>>> print(open('coords08.pdb').read())   # PDB, C-alpha atoms
ATOM      1  CA  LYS A   1      88.571  14.752 -68.136  1.00  0.00           C
ATOM      2  CA  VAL A   2      86.835  17.750 -69.651  1.00  0.00           C
ATOM      3  CA  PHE A   3      84.520  19.265 -67.033  1.00  0.00           C
ATOM      4  CA  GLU A   4      81.177  20.798 -67.841  1.00  0.00           C
ATOM      5  CA  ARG A   5      80.729  24.341 -66.448  1.00  0.00           C
ATOM      6  CA  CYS A   6      78.362  23.845 -63.507  1.00  0.00           C
ATOM      7  CA  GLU A   7      79.901  20.453 -62.677  1.00  0.00           C
ATOM      8  CA  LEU A   8      83.277  22.156 -62.229  1.00  0.00           C
ATOM      9  CA  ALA A   9      81.771  25.068 -60.254  1.00  0.00           C
ATOM     10  CA  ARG A  10      80.386  22.658 -57.636  1.00  0.00           C
ATOM     11  CA  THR A  11      83.550  20.553 -57.712  1.00  0.00           C
ATOM     12  CA  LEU A  12      85.626  23.663 -56.939  1.00  0.00           C
ATOM     13  CA  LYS A  13      83.211  24.796 -54.244  1.00  0.00           C
ATOM     14  CA  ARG A  14      83.347  21.410 -52.483  1.00  0.00           C
ATOM     15  CA  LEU A  15      87.130  21.752 -52.556  1.00  0.00           C
ATOM     16  CA  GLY A  16      87.099  25.073 -50.691  1.00  0.00           C
ATOM     17  CA  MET A  17      87.805  27.498 -53.531  1.00  0.00           C
ATOM     18  CA  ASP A  18      84.876  29.901 -53.121  1.00  0.00           C
ATOM     19  CA  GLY A  19      86.543  32.964 -51.618  1.00  0.00           C
ATOM     20  CA  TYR A  20      89.884  31.238 -50.969  1.00  0.00           C
ATOM     21  CA  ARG A  21      92.150  34.166 -50.126  1.00  0.00           C
ATOM     22  CA  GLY A  22      89.346  36.445 -51.318  1.00  0.00           C
ATOM     23  CA  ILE A  23      89.011  34.894 -54.795  1.00  0.00           C
ATOM     24  CA  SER A  24      85.482  34.193 -55.933  1.00  0.00           C
ATOM     25  CA  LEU A  25      84.344  31.023 -57.597  1.00  0.00           C
ATOM     26  CA  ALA A  26      83.481  32.955 -60.773  1.00  0.00           C
ATOM     27  CA  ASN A  27      87.138  34.051 -60.992  1.00  0.00           C
ATOM     28  CA  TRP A  28      88.460  30.493 -60.651  1.00  0.00           C
ATOM     29  CA  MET A  29      85.922  29.381 -63.310  1.00  0.00           C
ATOM     30  CA  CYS A  30      87.040  32.148 -65.675  1.00  0.00           C
ATOM     31  CA  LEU A  31      90.663  31.081 -65.049  1.00  0.00           C
ATOM     32  CA  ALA A  32      90.111  27.345 -65.760  1.00  0.00           C
ATOM     33  CA  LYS A  33      87.990  28.279 -68.766  1.00  0.00           C
ATOM     34  CA  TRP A  34      90.631  30.365 -70.488  1.00  0.00           C
ATOM     35  CA  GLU A  35      93.565  28.270 -69.339  1.00  0.00           C
ATOM     36  CA  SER A  36      92.344  24.841 -70.479  1.00  0.00           C
ATOM     37  CA  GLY A  37      88.679  24.948 -71.513  1.00  0.00           C
ATOM     38  CA  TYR A  38      88.067  22.944 -68.318  1.00  0.00           C
ATOM     39  CA  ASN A  39      90.363  20.128 -69.556  1.00  0.00           C
ATOM     40  CA  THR A  40      92.396  18.355 -66.831  1.00  0.00           C
ATOM     41  CA  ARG A  41      94.737  16.816 -69.434  1.00  0.00           C
ATOM     42  CA  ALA A  42      95.613  20.148 -71.080  1.00  0.00           C
ATOM     43  CA  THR A  43      99.344  20.745 -71.539  1.00  0.00           C
ATOM     44  CA  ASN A  44     101.454  23.372 -73.205  1.00  0.00           C
ATOM     45  CA  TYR A  45     105.177  23.225 -73.810  1.00  0.00           C
ATOM     46  CA  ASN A  46     107.103  26.513 -73.712  1.00  0.00           C
ATOM     47  CA  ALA A  47     110.062  25.960 -76.075  1.00  0.00           C
ATOM     48  CA  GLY A  48     111.666  29.234 -75.067  1.00  0.00           C
ATOM     49  CA  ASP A  49     112.326  28.324 -71.470  1.00  0.00           C
ATOM     50  CA  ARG A  50     111.800  24.551 -71.558  1.00  0.00           C
ATOM     51  CA  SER A  51     108.879  24.480 -69.131  1.00  0.00           C
ATOM     52  CA  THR A  52     105.367  22.991 -69.468  1.00  0.00           C
ATOM     53  CA  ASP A  53     101.949  24.058 -68.238  1.00  0.00           C
ATOM     54  CA  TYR A  54      99.890  21.226 -66.736  1.00  0.00           C
ATOM     55  CA  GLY A  55      96.225  20.593 -66.133  1.00  0.00           C
ATOM     56  CA  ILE A  56      93.003  22.509 -65.804  1.00  0.00           C
ATOM     57  CA  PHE A  57      94.789  25.576 -64.322  1.00  0.00           C
ATOM     58  CA  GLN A  58      97.848  25.227 -66.563  1.00  0.00           C
ATOM     59  CA  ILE A  59     100.338  25.325 -63.722  1.00  0.00           C
ATOM     60  CA  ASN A  60     103.979  25.769 -64.790  1.00  0.00           C
ATOM     61  CA  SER A  61     106.799  23.266 -64.200  1.00  0.00           C
ATOM     62  CA  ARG A  62     109.465  25.870 -63.478  1.00  0.00           C
ATOM     63  CA  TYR A  63     108.195  26.731 -60.028  1.00  0.00           C
ATOM     64  CA  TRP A  64     105.186  24.648 -58.981  1.00  0.00           C
ATOM     65  CA  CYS A  65     105.475  20.989 -59.856  1.00  0.00           C
ATOM     66  CA  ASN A  66     108.280  18.631 -60.748  1.00  0.00           C
ATOM     67  CA  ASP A  67     108.526  16.876 -64.133  1.00  0.00           C
ATOM     68  CA  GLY A  68     112.261  16.262 -63.903  1.00  0.00           C
ATOM     69  CA  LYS A  69     112.894  17.859 -67.334  1.00  0.00           C
ATOM     70  CA  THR A  70     112.722  21.626 -66.646  1.00  0.00           C
ATOM     71  CA  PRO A  71     116.107  23.358 -66.077  1.00  0.00           C
ATOM     72  CA  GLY A  72     116.743  24.692 -62.564  1.00  0.00           C
ATOM     73  CA  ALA A  73     113.061  24.354 -61.697  1.00  0.00           C
ATOM     74  CA  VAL A  74     111.586  24.156 -58.209  1.00  0.00           C
ATOM     75  CA  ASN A  75     108.482  22.333 -56.938  1.00  0.00           C
ATOM     76  CA  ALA A  76     106.573  24.724 -54.675  1.00  0.00           C
ATOM     77  CA  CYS A  77     103.376  22.621 -54.524  1.00  0.00           C
ATOM     78  CA  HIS A  78     105.563  19.574 -53.800  1.00  0.00           C
ATOM     79  CA  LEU A  79     103.787  17.471 -56.405  1.00  0.00           C
ATOM     80  CA  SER A  80     104.685  15.449 -59.450  1.00  0.00           C
ATOM     81  CA  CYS A  81     103.381  17.419 -62.449  1.00  0.00           C
ATOM     82  CA  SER A  82     101.585  14.138 -63.256  1.00  0.00           C
ATOM     83  CA  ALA A  83      99.340  14.885 -60.241  1.00  0.00           C
ATOM     84  CA  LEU A  84      98.062  17.867 -62.266  1.00  0.00           C
ATOM     85  CA  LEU A  85      96.915  15.578 -65.069  1.00  0.00           C
ATOM     86  CA  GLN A  86      94.403  13.518 -63.070  1.00  0.00           C
ATOM     87  CA  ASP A  87      90.638  13.558 -63.675  1.00  0.00           C
ATOM     88  CA  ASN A  88      90.309  14.233 -59.925  1.00  0.00           C
ATOM     89  CA  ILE A  89      91.267  17.872 -59.317  1.00  0.00           C
ATOM     90  CA  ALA A  90      91.988  17.819 -55.585  1.00  0.00           C
ATOM     91  CA  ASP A  91      95.770  18.051 -56.051  1.00  0.00           C
ATOM     92  CA  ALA A  92      95.480  20.737 -58.744  1.00  0.00           C
ATOM     93  CA  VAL A  93      93.224  22.719 -56.399  1.00  0.00           C
ATOM     94  CA  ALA A  94      95.741  22.430 -53.556  1.00  0.00           C
ATOM     95  CA  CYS A  95      98.454  23.645 -55.904  1.00  0.00           C
ATOM     96  CA  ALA A  96      96.278  26.483 -57.231  1.00  0.00           C
ATOM     97  CA  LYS A  97      95.813  27.516 -53.586  1.00  0.00           C
ATOM     98  CA  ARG A  98      99.590  27.374 -53.087  1.00  0.00           C
ATOM     99  CA  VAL A  99     100.028  29.707 -56.061  1.00  0.00           C
ATOM    100  CA  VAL A 100      97.573  32.335 -54.788  1.00  0.00           C
ATOM    101  CA  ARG A 101      99.167  32.342 -51.334  1.00  0.00           C
ATOM    102  CA  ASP A 102     101.951  34.301 -53.061  1.00  0.00           C
ATOM    103  CA  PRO A 103     101.816  38.162 -53.306  1.00  0.00           C
ATOM    104  CA  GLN A 104     100.315  38.247 -56.813  1.00  0.00           C
ATOM    105  CA  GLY A 105      97.309  36.170 -55.795  1.00  0.00           C
ATOM    106  CA  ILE A 106      95.086  35.239 -58.765  1.00  0.00           C
ATOM    107  CA  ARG A 107      97.152  37.657 -60.929  1.00  0.00           C
ATOM    108  CA  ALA A 108      99.891  34.988 -61.040  1.00  0.00           C
ATOM    109  CA  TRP A 109      98.184  33.734 -64.208  1.00  0.00           C
ATOM    110  CA  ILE A 110      98.624  36.348 -66.893  1.00  0.00           C
ATOM    111  CA  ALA A 111      95.620  34.888 -68.755  1.00  0.00           C
ATOM    112  CA  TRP A 112      93.468  35.821 -65.708  1.00  0.00           C
ATOM    113  CA  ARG A 113      94.648  39.403 -66.183  1.00  0.00           C
ATOM    114  CA  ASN A 114      93.894  39.265 -69.920  1.00  0.00           C
ATOM    115  CA  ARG A 115      90.430  37.665 -69.744  1.00  0.00           C
ATOM    116  CA  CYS A 116      89.015  37.809 -66.212  1.00  0.00           C
ATOM    117  CA  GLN A 117      90.336  40.890 -64.422  1.00  0.00           C
ATOM    118  CA  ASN A 118      87.860  43.800 -64.389  1.00  0.00           C
ATOM    119  CA  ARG A 119      85.403  41.686 -66.380  1.00  0.00           C
ATOM    120  CA  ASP A 120      81.824  40.523 -65.801  1.00  0.00           C
ATOM    121  CA  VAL A 121      82.559  36.917 -64.769  1.00  0.00           C
ATOM    122  CA  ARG A 122      79.069  36.273 -63.327  1.00  0.00           C
ATOM    123  CA  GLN A 123      78.074  34.106 -66.276  1.00  0.00           C
ATOM    124  CA  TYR A 124      80.502  31.389 -65.189  1.00  0.00           C
ATOM    125  CA  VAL A 125      78.604  30.421 -62.037  1.00  0.00           C
ATOM    126  CA  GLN A 126      75.075  31.351 -63.078  1.00  0.00           C
ATOM    127  CA  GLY A 127      72.602  28.564 -62.459  1.00  0.00           C
ATOM    128  CA  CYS A 128      75.157  26.166 -61.002  1.00  0.00           C
ATOM    129  CA  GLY A 129      73.664  26.285 -57.493  1.00  0.00           C
ATOM    130  CA  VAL A 130      76.854  27.741 -56.026  1.00  0.00           C
TER     131      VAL A 130
END
>>> encode(input="coords08.pdb", output="structure tokens")
Amino acid sequence: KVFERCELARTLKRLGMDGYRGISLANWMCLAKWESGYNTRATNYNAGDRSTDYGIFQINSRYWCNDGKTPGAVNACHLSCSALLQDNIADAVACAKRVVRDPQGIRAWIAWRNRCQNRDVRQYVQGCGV
């Protein structure tokens, strides 16, 4: 499923993301935007370390979800990576929350640093009623 901007904003808000561990909705929207273009089926294989990024938040197989094919990987969100490829984002949201509970917080995603950190991310939630 490829979400439309405001549709995703409300979907994330209903799921408890607005201010989760101090992270605004606009930040989560900027993250999903640059990670997958709001596409729940987005995937990216990393040939160098044999891991894969799954879903709308592009969560990595090495530490967060299990796909059975990543060397010495763990499954911190205790989910099948397949759960991160559903149209329904509840599981991906729970896993995204699991990721930010770590010390780095939203900074866990280097793309957030590159395109969202210290940026005007207002435009992502404007007019979405959130």
>>> residues_near_point(input="coords08.pdb", point="(96.1, 18.8, -64.7)", cutoff="8 Å", atoms="only C-alpha atoms", output="PyMOL selection string")
chain A and resi 39-43+54-59+81-87+89+92
>>> atom_distance(input="coords08.pdb", atom1="CA of residue 23 in chain A", atom2="CA of residue 5 in chain A")
17.8 Å
>>> resolve_selection(input="coords08.pdb", expression="the PyMOL selection byres ((chain A and resi 9) around 8)", output="count of residues only")
13
>>> atom_distance(input="coords08.pdb", atom1="CA of residue 110 in chain A", atom2="CA of residue 34 in chain A")
10.6 Å
>>> resolve_selection(input="coords08.pdb", expression="the PyMOL selection byres ((chain A and resi 21) around 10)", output="list in words")
residues 17, 18, 19, 20, 22, 23, 24, 97, 100, 101, 105 and 106 of chain A
>>> write_last_selection(input="coords08.pdb", atoms="C-alpha atoms", output="PDB file, in the coordinates of the input")
ATOM      1  CA  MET A  17      87.805  27.498 -53.531  1.00  0.00           C
ATOM      2  CA  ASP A  18      84.876  29.901 -53.121  1.00  0.00           C
ATOM      3  CA  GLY A  19      86.543  32.964 -51.618  1.00  0.00           C
ATOM      4  CA  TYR A  20      89.884  31.238 -50.969  1.00  0.00           C
ATOM      5  CA  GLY A  22      89.346  36.445 -51.318  1.00  0.00           C
ATOM      6  CA  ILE A  23      89.011  34.894 -54.795  1.00  0.00           C
ATOM      7  CA  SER A  24      85.482  34.193 -55.933  1.00  0.00           C
ATOM      8  CA  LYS A  97      95.813  27.516 -53.586  1.00  0.00           C
ATOM      9  CA  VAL A 100      97.573  32.335 -54.788  1.00  0.00           C
ATOM     10  CA  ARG A 101      99.167  32.342 -51.334  1.00  0.00           C
ATOM     11  CA  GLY A 105      97.309  36.170 -55.795  1.00  0.00           C
ATOM     12  CA  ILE A 106      95.086  35.239 -58.765  1.00  0.00           C
TER      13      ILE A 106
END
>>> residues_around(input="coords08.pdb", residues="residue 27 in chain A", least_positions_apart="3", cutoff="9 Å", atoms="all atoms listed in the file", output="ChimeraX atom specification")
/A:23-24,30-32,106,112,116-117,121-122,124
>>> atom_distance(input="coords08.pdb", atom1="CA of residue 70 in chain A", atom2="CA of residue 51 in chain A")
5.4 Å
>>> closest_residue(input="coords08.pdb", among="A:123, A:104, A:88, A:114", to="residue 15 in chain A", atoms="only C-alpha atoms")
A:88
>>> residues_around(input="coords08.pdb", residues="range 73-77 of chain A", least_positions_apart="4", cutoff="7 Å", atoms="only C-alpha atoms", output="ChimeraX atom specification")
/A:61-66,95,98
>>> write_last_selection(input="coords08.pdb", atoms="C-alpha atoms", output="PDB file, keeping the file's coordinate frame")
ATOM      1  CA  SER A  61     106.799  23.266 -64.200  1.00  0.00           C
ATOM      2  CA  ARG A  62     109.465  25.870 -63.478  1.00  0.00           C
ATOM      3  CA  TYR A  63     108.195  26.731 -60.028  1.00  0.00           C
ATOM      4  CA  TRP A  64     105.186  24.648 -58.981  1.00  0.00           C
ATOM      5  CA  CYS A  65     105.475  20.989 -59.856  1.00  0.00           C
ATOM      6  CA  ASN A  66     108.280  18.631 -60.748  1.00  0.00           C
ATOM      7  CA  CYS A  95      98.454  23.645 -55.904  1.00  0.00           C
ATOM      8  CA  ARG A  98      99.590  27.374 -53.087  1.00  0.00           C
TER       9      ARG A  98
END
>>> closest_residue(input="coords08.pdb", among="A:103, A:45, A:115, A:72", to="residue 60 in chain A", atoms="all atoms listed in the file")
A:45
>>> axis_aligned_box(input="coords08.pdb", around="range 36-44 of chain A", padding_each_side="8 Å", output="lines of an AutoDock Vina configuration file")
center_x = 94.8
center_y = 20.9
center_z = -70.0
size_x = 29.4
size_y = 24.1
size_z = 22.4
>>> closest_residue(input="coords08.pdb", among="A:14, A:37, A:3, A:126", to="residue 93 in chain A", atoms="all atoms listed in the file")
A:14
>>> build_atoms(input="coords08.pdb", residues="range 32-57 of chain A", atoms="N, CA, C and O atoms", output="PDB file, keeping the file's coordinate frame")
ATOM      1  N   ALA A  32      90.095  28.703 -65.190  1.00  0.00           N
ATOM      2  CA  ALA A  32      90.111  27.345 -65.760  1.00  0.00           C
ATOM      3  C   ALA A  32      89.572  27.340 -67.192  1.00  0.00           C
ATOM      4  O   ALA A  32      90.010  26.559 -68.049  1.00  0.00           O
ATOM      5  N   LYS A  33      88.584  28.186 -67.447  1.00  0.00           N
ATOM      6  CA  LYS A  33      87.990  28.279 -68.766  1.00  0.00           C
ATOM      7  C   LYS A  33      89.014  28.715 -69.793  1.00  0.00           C
ATOM      8  O   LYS A  33      89.207  28.049 -70.804  1.00  0.00           O
ATOM      9  N   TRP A  34      89.650  29.854 -69.548  1.00  0.00           N
ATOM     10  CA  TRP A  34      90.631  30.365 -70.488  1.00  0.00           C
ATOM     11  C   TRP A  34      91.961  29.643 -70.492  1.00  0.00           C
ATOM     12  O   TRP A  34      92.661  29.641 -71.502  1.00  0.00           O
ATOM     13  N   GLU A  35      92.294  28.981 -69.396  1.00  0.00           N
ATOM     14  CA  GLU A  35      93.565  28.270 -69.339  1.00  0.00           C
ATOM     15  C   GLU A  35      93.538  26.933 -70.084  1.00  0.00           C
ATOM     16  O   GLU A  35      94.430  26.640 -70.877  1.00  0.00           O
ATOM     17  N   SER A  36      92.456  26.179 -69.902  1.00  0.00           N
ATOM     18  CA  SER A  36      92.344  24.841 -70.479  1.00  0.00           C
ATOM     19  C   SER A  36      90.992  24.446 -71.091  1.00  0.00           C
ATOM     20  O   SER A  36      90.861  23.333 -71.635  1.00  0.00           O
ATOM     21  N   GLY A  37      89.988  25.315 -71.002  1.00  0.00           N
ATOM     22  CA  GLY A  37      88.679  24.948 -71.513  1.00  0.00           C
ATOM     23  C   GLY A  37      88.127  23.844 -70.616  1.00  0.00           C
ATOM     24  O   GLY A  37      87.433  22.918 -71.080  1.00  0.00           O
ATOM     25  N   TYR A  38      88.494  23.913 -69.338  1.00  0.00           N
ATOM     26  CA  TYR A  38      88.067  22.944 -68.318  1.00  0.00           C
ATOM     27  C   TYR A  38      88.605  21.541 -68.569  1.00  0.00           C
ATOM     28  O   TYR A  38      87.990  20.568 -68.131  1.00  0.00           O
ATOM     29  N   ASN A  39      89.756  21.437 -69.234  1.00  0.00           N
ATOM     30  CA  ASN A  39      90.363  20.128 -69.556  1.00  0.00           C
ATOM     31  C   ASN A  39      91.526  19.805 -68.600  1.00  0.00           C
ATOM     32  O   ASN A  39      92.556  20.485 -68.610  1.00  0.00           O
ATOM     33  N   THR A  40      91.363  18.768 -67.779  1.00  0.00           N
ATOM     34  CA  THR A  40      92.396  18.355 -66.831  1.00  0.00           C
ATOM     35  C   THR A  40      93.676  17.806 -67.491  1.00  0.00           C
ATOM     36  O   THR A  40      94.723  17.745 -66.854  1.00  0.00           O
ATOM     37  N   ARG A  41      93.578  17.368 -68.739  1.00  0.00           N
ATOM     38  CA  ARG A  41      94.737  16.816 -69.434  1.00  0.00           C
ATOM     39  C   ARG A  41      95.473  17.831 -70.334  1.00  0.00           C
ATOM     40  O   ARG A  41      96.416  17.476 -71.061  1.00  0.00           O
ATOM     41  N   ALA A  42      95.026  19.083 -70.287  1.00  0.00           N
ATOM     42  CA  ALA A  42      95.613  20.148 -71.080  1.00  0.00           C
ATOM     43  C   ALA A  42      97.097  20.309 -70.733  1.00  0.00           C
ATOM     44  O   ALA A  42      97.503  20.180 -69.559  1.00  0.00           O
ATOM     45  N   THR A  43      97.915  20.559 -71.752  1.00  0.00           N
ATOM     46  CA  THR A  43      99.344  20.745 -71.539  1.00  0.00           C
ATOM     47  C   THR A  43      99.874  21.657 -72.629  1.00  0.00           C
ATOM     48  O   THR A  43      99.411  21.627 -73.781  1.00  0.00           O
ATOM     49  N   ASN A  44     100.880  22.438 -72.269  1.00  0.00           N
ATOM     50  CA  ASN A  44     101.454  23.372 -73.205  1.00  0.00           C
ATOM     51  C   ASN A  44     102.938  23.482 -72.922  1.00  0.00           C
ATOM     52  O   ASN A  44     103.354  23.792 -71.799  1.00  0.00           O
ATOM     53  N   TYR A  45     103.739  23.143 -73.928  1.00  0.00           N
ATOM     54  CA  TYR A  45     105.177  23.225 -73.810  1.00  0.00           C
ATOM     55  C   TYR A  45     105.633  24.624 -74.234  1.00  0.00           C
ATOM     56  O   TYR A  45     105.143  25.186 -75.215  1.00  0.00           O
ATOM     57  N   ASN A  46     106.540  25.190 -73.451  1.00  0.00           N
ATOM     58  CA  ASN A  46     107.103  26.513 -73.712  1.00  0.00           C
ATOM     59  C   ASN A  46     108.541  26.263 -74.150  1.00  0.00           C
ATOM     60  O   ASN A  46     109.440  26.081 -73.325  1.00  0.00           O
ATOM     61  N   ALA A  47     108.747  26.221 -75.463  1.00  0.00           N
ATOM     62  CA  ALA A  47     110.062  25.960 -76.075  1.00  0.00           C
ATOM     63  C   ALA A  47     111.151  26.934 -75.651  1.00  0.00           C
ATOM     64  O   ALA A  47     112.317  26.559 -75.493  1.00  0.00           O
ATOM     65  N   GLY A  48     110.745  28.183 -75.449  1.00  0.00           N
ATOM     66  CA  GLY A  48     111.666  29.234 -75.067  1.00  0.00           C
ATOM     67  C   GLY A  48     112.377  29.027 -73.759  1.00  0.00           C
ATOM     68  O   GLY A  48     113.557  29.347 -73.645  1.00  0.00           O
ATOM     69  N   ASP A  49     111.676  28.509 -72.756  1.00  0.00           N
ATOM     70  CA  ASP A  49     112.326  28.324 -71.470  1.00  0.00           C
ATOM     71  C   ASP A  49     112.319  26.885 -70.982  1.00  0.00           C
ATOM     72  O   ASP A  49     112.687  26.611 -69.841  1.00  0.00           O
ATOM     73  N   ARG A  50     111.842  25.986 -71.839  1.00  0.00           N
ATOM     74  CA  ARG A  50     111.800  24.551 -71.558  1.00  0.00           C
ATOM     75  C   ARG A  50     110.909  24.117 -70.398  1.00  0.00           C
ATOM     76  O   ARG A  50     111.220  23.155 -69.701  1.00  0.00           O
ATOM     77  N   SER A  51     109.805  24.827 -70.194  1.00  0.00           N
ATOM     78  CA  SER A  51     108.879  24.480 -69.131  1.00  0.00           C
ATOM     79  C   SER A  51     107.583  24.008 -69.785  1.00  0.00           C
ATOM     80  O   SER A  51     107.443  24.094 -71.007  1.00  0.00           O
ATOM     81  N   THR A  52     106.665  23.469 -68.982  1.00  0.00           N
ATOM     82  CA  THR A  52     105.367  22.991 -69.468  1.00  0.00           C
ATOM     83  C   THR A  52     104.287  23.395 -68.478  1.00  0.00           C
ATOM     84  O   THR A  52     104.521  23.483 -67.264  1.00  0.00           O
ATOM     85  N   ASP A  53     103.114  23.680 -69.019  1.00  0.00           N
ATOM     86  CA  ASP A  53     101.949  24.058 -68.238  1.00  0.00           C
ATOM     87  C   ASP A  53     101.107  22.786 -68.163  1.00  0.00           C
ATOM     88  O   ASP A  53     100.889  22.121 -69.178  1.00  0.00           O
ATOM     89  N   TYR A  54     100.664  22.440 -66.953  1.00  0.00           N
ATOM     90  CA  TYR A  54      99.890  21.226 -66.736  1.00  0.00           C
ATOM     91  C   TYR A  54      98.512  21.418 -66.139  1.00  0.00           C
ATOM     92  O   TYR A  54      98.317  22.246 -65.240  1.00  0.00           O
ATOM     93  N   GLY A  55      97.572  20.632 -66.653  1.00  0.00           N
ATOM     94  CA  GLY A  55      96.225  20.593 -66.133  1.00  0.00           C
ATOM     95  C   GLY A  55      95.223  21.675 -66.422  1.00  0.00           C
ATOM     96  O   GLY A  55      95.455  22.587 -67.213  1.00  0.00           O
ATOM     97  N   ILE A  56      94.123  21.590 -65.684  1.00  0.00           N
ATOM     98  CA  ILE A  56      93.003  22.509 -65.804  1.00  0.00           C
ATOM     99  C   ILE A  56      93.363  23.972 -65.489  1.00  0.00           C
ATOM    100  O   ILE A  56      92.731  24.885 -66.013  1.00  0.00           O
ATOM    101  N   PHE A  57      94.374  24.201 -64.649  1.00  0.00           N
ATOM    102  CA  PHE A  57      94.789  25.576 -64.322  1.00  0.00           C
ATOM    103  C   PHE A  57      96.088  25.964 -65.030  1.00  0.00           C
ATOM    104  O   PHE A  57      96.609  27.071 -64.830  1.00  0.00           O
TER     105      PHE A  57
END
